[PDB]
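Asker: Experimental structure and sequence below.
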Amino acid sequence: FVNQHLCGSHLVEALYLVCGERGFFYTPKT
Amino acid sequence: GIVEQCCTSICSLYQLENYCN
């Protein structure tokens, strides 16, 4: 589920699953 | 940032983990 183009909700769901209890930050504009 | 690495181009686990706390 990681090795593809991931955008929007699909990207934040991947972050959620990978990062687990560490949590994550989603910063789409840099 | 994450959009350029994971949305516009193909994501990887290595890159995703850069955004874990």
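Answerer: That came through, no problem. Residues are numbered from 1 along each chain as shown, chains lettered A, B, ... in the order given.
Asker: residues near residue 20, how many?
Answerer: Unless you meant another one, I'm taking chain A. 9 (other Cβ atoms under 10 Å in any protein chain shown). Every C-beta, even on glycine, is put in place using the N, C-alpha and C of the backbone.
Asker: wrong one, chain B
Answerer: Neighbour tally, residue B:20, other Cβ under 10 Å: 14.
Asker: That one against residue A:17, yeah?
Answerer: No: taking Cβ atoms under 8 Å as the definition, residue B:20 is not a contact partner of residue A:17, at 11.0 Å.
Asker: Can you give me every residue that contacts residue A:6?
Answerer: When contacts are counted by Cβ atoms under 8 Å, 6 or more residues apart in numbering or on different chains, residue A:6 touches A:14, B:6, B:7, B:11.
Asker: Between which two of these is the distance greatest?
Answerer: Farthest apart among the contacts of residue A:6 by Cβ to Cβ are A:14 and B:7. That separation is 10.6 Å.
Asker: If you count surrounding residues, which of the two has more?
Answerer: More neighbours surround residue A:14 than the other of residue A:14 and residue B:7, with 20 against 17 (other Cβ under 10 Å).
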